[PDB]
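Heads up: the structure comes next, in structure tokens.
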Amino acid sequence: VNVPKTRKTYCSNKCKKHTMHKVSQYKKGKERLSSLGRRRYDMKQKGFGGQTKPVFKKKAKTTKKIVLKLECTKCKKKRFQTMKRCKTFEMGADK
Amino acid sequence: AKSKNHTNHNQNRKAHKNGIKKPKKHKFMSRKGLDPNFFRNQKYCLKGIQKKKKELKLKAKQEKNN
Amino acid sequence: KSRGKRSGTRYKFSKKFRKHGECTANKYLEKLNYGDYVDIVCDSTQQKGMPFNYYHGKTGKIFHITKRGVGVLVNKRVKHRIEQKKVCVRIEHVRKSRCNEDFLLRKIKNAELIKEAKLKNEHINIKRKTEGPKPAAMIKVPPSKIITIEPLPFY
RNA sequence: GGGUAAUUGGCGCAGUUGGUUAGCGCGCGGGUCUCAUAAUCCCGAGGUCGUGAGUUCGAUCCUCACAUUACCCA
RNA sequence: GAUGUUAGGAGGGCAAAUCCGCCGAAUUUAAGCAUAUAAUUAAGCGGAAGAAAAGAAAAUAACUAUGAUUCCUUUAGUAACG
RNA sequence: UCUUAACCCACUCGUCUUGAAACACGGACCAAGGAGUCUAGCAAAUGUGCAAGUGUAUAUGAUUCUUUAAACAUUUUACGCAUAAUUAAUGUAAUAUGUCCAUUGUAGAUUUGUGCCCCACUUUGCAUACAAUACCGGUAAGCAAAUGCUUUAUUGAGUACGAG
RNA sequence: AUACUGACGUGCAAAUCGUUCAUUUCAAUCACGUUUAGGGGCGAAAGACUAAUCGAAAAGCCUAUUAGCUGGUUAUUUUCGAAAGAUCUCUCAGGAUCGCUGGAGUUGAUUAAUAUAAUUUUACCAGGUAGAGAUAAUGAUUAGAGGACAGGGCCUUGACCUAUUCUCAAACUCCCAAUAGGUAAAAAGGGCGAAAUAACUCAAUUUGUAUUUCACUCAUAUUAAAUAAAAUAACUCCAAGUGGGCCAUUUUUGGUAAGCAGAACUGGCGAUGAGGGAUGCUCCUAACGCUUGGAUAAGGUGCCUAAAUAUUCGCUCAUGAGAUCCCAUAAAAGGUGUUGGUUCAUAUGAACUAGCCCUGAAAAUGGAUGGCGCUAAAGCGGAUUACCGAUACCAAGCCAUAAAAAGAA
RNA sequence: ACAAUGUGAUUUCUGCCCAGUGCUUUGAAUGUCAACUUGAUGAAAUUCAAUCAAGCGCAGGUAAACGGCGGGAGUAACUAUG
RNA sequence: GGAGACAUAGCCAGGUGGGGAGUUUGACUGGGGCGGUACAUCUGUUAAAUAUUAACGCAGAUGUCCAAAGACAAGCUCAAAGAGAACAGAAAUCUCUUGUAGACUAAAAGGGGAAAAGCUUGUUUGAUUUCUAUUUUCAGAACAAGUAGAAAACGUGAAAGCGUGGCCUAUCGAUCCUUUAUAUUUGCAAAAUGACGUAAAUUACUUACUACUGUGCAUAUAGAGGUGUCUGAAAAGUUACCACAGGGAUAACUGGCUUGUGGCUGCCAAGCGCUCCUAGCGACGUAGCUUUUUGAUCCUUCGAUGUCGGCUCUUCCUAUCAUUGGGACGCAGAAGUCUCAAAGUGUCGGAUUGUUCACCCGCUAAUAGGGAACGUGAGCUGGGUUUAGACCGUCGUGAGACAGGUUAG
RNA sequence: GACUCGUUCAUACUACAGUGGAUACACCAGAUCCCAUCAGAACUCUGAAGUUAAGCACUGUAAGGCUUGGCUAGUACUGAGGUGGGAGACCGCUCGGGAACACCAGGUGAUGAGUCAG
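First to last, the protein sequences are chains Ai, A4 and AV.
Counting along the first sequence from 1, when you hit position 75 you're at 76 in the entry's author numbering, and nothing is skipped either side.
Counting along the second sequence from 1, when you hit position 11 you're at 12 in the entry's author numbering, and nothing is skipped either side.
Counting along the third sequence from 1, when you hit position 133 you're at 136 in the entry's author numbering, and nothing is skipped either side.
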């Protein structure tokens, strides 16, 4: 599946009008060490007693839903767009 | 262990026992999802008619009072 | 095993022989007022607004109308109880019913008949006849025209 | 997922901001008794996308594949 | 610092309900179980008294402010943890 | 009454079980013992008292001190639950002063009248059912400097003379 | 402690006895003292042994440990009375939650009514199964006939056409039943008018809509089609038990079949006696307070056994007759057995046919029309009566329950 | 000698393979690999980098270590076998 | 004496760590394990003409693909068949005629589609934001997939219109947590952090007035990271050393149903039998019986019906092997084959094997076939199979496995 | 007569013929501009010189098809009952409901609104 890199569309925030957006691919990045859940988990882990939780380990599906990041040129407020899970994803490629 | 997996048997017999129940057939019902535009217009109509009726009733009452 | 939306619909939703091809243009003109009775007959020349299997061949009151949609109150048997279900369909499948029209025609005919009778002060049994037993009668049969019969031999 | 290293002609490998190689091999001609041999053809999306500059396969960035280790509240 | 059958004295052990220090489980609960839970419990070991412990502000509040400690009534099955 | 007879009938009880008289299990006999309770907290039901309140807590007080380890008493905003909701939250919070009037319907109990008693009109219009409007908290959306505004959407275990 | 797998095996013994046998100066045997202790000891190693206790000793406590599993789970009468479906479940011996049940209450009916109904009616739909079709389509599929593209010498094999022909399909369909299903049948409404109201509608302040207010007026002395121990209804609450099921007809899928596996509709059975089926959880009859008399059902009427050795017309002899739904086996094929037919020929020969009967017809404890028995049947097939025959039915009494009348000298 | 195993008198012999898993030997050329340390950034918390631990990896050694130890065709004066 | 600021020890930190610990080790399931997924789903069929509806029933499909294969308009008509046109042939392109779909429509299969839904071309990004009413399964919960709208903003077409993903039916995911978006919404608990900002004012603890005010953490709202045992535990083996709670809801044993399988008997008559259907046979076919086999089954028994065989002993059967009496013959006698009445009487010695079975050898009159809970364990025997020890192979990293053998039991 | 919009959506179709063109439809004439292409073929535009030859209308055909009706046939099938028959397979009866193809006969259209021309 292949999506072009700019798209004229309705802008949800700080607009009412259809205008151009730049299109990019969301990615998760490194979890913050001082985030509350990680702090609780770190505290549970610490000291004796071995691993303290579930580990989400069974592992089935081989794809992950593709999400486009939309940025309006006129007003710097961004918006998400979700669509079906696909195996091979391309941005701006061949016609 | 192998055990029978379905049957509709006896269900009908139970069902008729308290009778096949009917809905309660209310004359009016909520208009919530039904057509915006037309029902908002109606809300104005009801307010209009009601206001005229109220004003006339007040006029009769105050006039009767003197 | 599976039971998806158009499950088991093969012959039911398919058109009869020589009845393929788009919904006739005239058919959009038909009048729908609130509380009119209306049949739900599937088509398949139209795809949007196609209703689920059960509401095929059922008939109910119209309670709501949109740009091309029609809400129909249909009774559904669910185990020990009928309950009322609001089936939104598009106009191509909704058909103006006739069952109501029998009663309506009867009202009109009765009103005229009653008005005339009452004017003359001639008491009258306006209610439906509901076919009684056959009354007695006298019948001429020519004695030369009568035919007589026996059960046939076997072959 | 981290971090690292490797992918450049048929084959195998060097090189990095003023360069597209060297060897083997192939093709073809030259040459000492037969070969080793010299000479010339062969013959390069430098894994991928984009940027930074007088100037880039080389540097910044992007991504896949291969490799080695390690993480696995994912 | 030793040494002394030097002179005067003291401690040891028994008893435990309540009481004070430690040390310390698991069966169990989760319809399994690993974190939690059982429980700062039981067992183990030390020490007191007619009661003990605590106690005379490195307190709480954010009010018109309270004012050593203990207990009752309560806040409260709440803030909170998981 | 008991006792034998006689005609006709009549399979070991309990039990788990689709199906037990069973070649299913438990029962040699007898006597006595022997198994859905108590507390905590919650609920509805129903009873009972009081009623926008309610409960007198802990505790004090009494010529109360066999019973009494109960009963009795409690100088003109203690606490629980109720009396208002809602939102994560700073928090905000119920028509609205044209009038001590008490939002609008359709059915609908009870009442008044007519033409001591059935009617059919009228008349008042509870409970309740079904709707409808207002308005309050959250959220939208539109506006936006402000005691934030809005005819519009929504959402709530909300409200429209209490019920606990 | 080897063999006798000898004695004993409620022993002489919770390992004994007899006979046989292995062992004897050494890796020998015994005594006593001493050492090592429980996930520990010890083991020339068997998970052996550690006081009759060992793949984790014995004792007490934590501890009345815990158990979706087994067993048990206590007076009477009376009333109503289930389920063995369903969804989700580390779920299939469970639980939750629906279903189905009782109690409590209100509302409504209490006016032969409207609401209403496992029902029909008249309207009106919706259908694609049995069926039917192949020359209607798709797929199968057997034959020839008549014709104007290929190989060989007008001719042969054809292909290919055209009109035909034999047989076909859960997953083929021109067409298509029955049964089953839905909607319809008027008063809180409907009529035909007027007038209002709106920011909607439309070109339309009147073009509609919809509401509202007024008018006029629609059957009702059987009730806008019947029929109805039709309100014993609605509805709310709180809660139970249950969530293994099974059988018959008919429809039915798997399987050679199965008292087999799996479904569909209904009825049962389960939880249900009683009368009949000899005998029996399910078949037939019929559902049960206590009694008296009556008359029957289902079924019988030779005796067992209550009613007929009834009547009336037939058929039937069997040197393994036959005899009652379910239901307790019998076929293909034969018969110059008798009985009727039916078709042919010249009261005979032929050919068929179906009744009973015969052959085909073999199994183990002895042996089963229920038994004795039965042949001018007590057999088989009818018809005709009469009779006998239930906890069912009718009349009457008595009981409780339920409702109704009805009552504060 | 002490400790740890395997095998099991004598006699006769003790073949092949280090790929797999073990076990084992070298190291600052070497990839990764922890605390600490050390520097940079920031107002600080933080956030970043960097360093010669063993270990593994990288290079070998080892079968009286665990262990392991192939398959098709075709071919000789008869046929047969190969 | 020696070693020496190194050890050692203390505390951190990495590695190693079945030496030792704690624990787990799905479910369905015509026994269980193996195999499979029927566990989430979708088509057709089974399904019995509304809806419903099952089996480890049947034929299959699903975990994707897509900036166009999306959106809109316009133009065009396809598959195929015929007859033609240098190279040119069955295919090449071109032309004309015939062409209701025999094409194509991303992918199963079924629906739907011809001035299109197909194909070609133009323009585009609505594959958008916000919110309802709802349908399907269903508890009338959830997700998911839709249908009908509304408020926005747009896309296309001249315009009506149509467009809120794919012609319709499939293409999938709770809580916590993380992650990145959104806001003139909020918090960080006695306070403050834009900013002494803007005016004043006096010399100060001055007065008004300002939607926007540190880092970090947290919320609210919205996506996304995944639970395929798909309404969501982070989970491997073994026990023949084993324990306990239960189960005939469930195997290994009889009996029971059925009789595929086995065994036994028929019927047909093409042939075989020198010629000759039937003396003796008997294919192609076809109908039964039997329960001495093996199955299928899982009704009965798991708070125990003592599990093979031999020995011994008795009775029953007949589908007769001998003996007795007969009949037929491809019968000259003899030998014999088939056959009918026959169950009176009999039916053996051994070698070898745990053996049922088997095979010999020998006798014989013949060495028939069977039943009785596979007759016969409070009659025996214990060789086999089925406890603990042991061996060898293969298999398993291991503990260990073996419808392989072998030995003490 | 003719047209424009339609309706029912084959009695309206198809195949082969014949018959008809005042006015009308049409074919037909042309390419400057708008427009459209490979090509004025189509489409578009601009004409009005010719013509019923076709389209179109009307009618015909032992036409095919389609459509009513008969007849297939009370056949096939089926709801309810049955201590009915049949060894079984299956088949009657009682109360009911009741097809299809083929075949044969007829039929081959009807019509709403508006307009022009004798």
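C-beta: ideal position from N, C-alpha, C; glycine also.
Same chain, Cβ closer than 8 Å to residue i, five either side skipped, listed in chain order
| i | result |
| --- | --- |
| residue 9 (chain Ai) | 19, 20, 21, 22 |
| residue 41 (chain AV) | 35, 62, 63, 64, 65, 73, 75, 97, 98, 99, 100 |
Contact set for residue i: own chain, Cβ-Cβ below 7 Å, skip 5 residues either direction
| i | result |
| --- | --- |
| residue 46 (chain Ai) | 53 |
| residue 84 (chain Ai) | 67 |
| residue 40 (chain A4) | 32 |
Boundaries (first-last residue) of the alpha helix (DSSP H) holding residue i
| i | result |
| --- | --- |
| residue 40 (chain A4) | 39 to 66 |
| residue 49 (chain AV) | First-last for residue 49 (chain AV): undefined, no H or E at that position. |
| residue 46 (chain Ai) | 37 to 46 |
| residue 210 (chain AV) | What is shown of chain AV runs 4 to 158, which leaves residue 210 (chain AV) out entirely. |
| residue 17 (chain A4) | 12 to 18 |
Own chain residues within Cβ distance below 6 Å of residue i, not counting five before or after
| i | result |
| --- | --- |
| residue 71 (chain AV) | 93, 94 |
| residue 78 (chain Ai) | 14, 15 |
| residue 11 (chain Ai) | 19 |
| residue 57 (chain AV) | none |
| residue 16 (chain AV) | 45, 47 |
| residue 49 (chain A4) | none |
Residue i in three-state terms, based on DSSP
| i | result |
| --- | --- |
| residue 1 (chain Ai) | Only positions 2 to 96 of chain Ai appear in this structure, which leaves residue 1 (chain Ai) out of reach. |
| residue 35 (chain AV) | coil |
| residue 22 (chain AV) | coil |
| residue 40 (chain AV) | strand |
| residue 3 (chain Ai) | strand |
Unbroken beta strand (DSSP E) run spanning residue i, endpoints
| i | result |
| --- | --- |
| residue 8 (chain Ai) | 7 to 11 |
| residue 65 (chain AV) | 61 to 68 |
Query raised in the report: Does the region 24 to 44 of chain Ai come within contact of the region 58 to 75 of chain Ai, defined as at least 3 CB pairs closer than 8 Å?
Result: yes
Query raised in the report: Enumerated in chain order, which unbroken segments of the alpha helix (DSSP H) with a length of 4 residues or greater are wholly contained in the region 78 to 138 of chain AV?
Result: 102 to 123
Requested in this report: Mind the definition here: the region 39 to 47 of chain AV touches the region 94 to 104 of chain AV only if three or more C-beta pairs lie below 8 Å; say whether that holds.
Outcome: yes
**Report entry** Three-pair Cβ contact test at 8 Å for the region 43 to 52 of chain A4 versus the region 22 to 35 of chain AV
**Finding:** no
Query raised in the report: With contact counted as at least three CB pairs below 8 Å, one residue from each stretch, are the region 23 to 33 of chain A4 and the region 37 to 44 of chain Ai in contact?
Result: no
Query raised in the report: Three or more C-beta pairs closer than 8 Å, one from the region 34 to 41 of chain AV and one from the region 55 to 69 of chain AV: is that the case here?
Result: yes
Report task. Evaluate the contact criterion for the region 55 to 64 of chain Ai versus the region 82 to 93 of chain Ai: three or more CB pairs, one atom per stretch, below 8 Å. Result -> yes
Query raised in the report: Is there contact between the region 74 to 88 of chain AV and the region 108 to 125 of chain AV, where contact requires at least three CB pairs shorter than 8 Å?
Result: no
Requested in this report: Give, in chain order, every unbroken run of the alpha helix (DSSP H) that is at least 4 residues long and sits entirely within the region 58 to 90 of chain Ai.
Outcome: none
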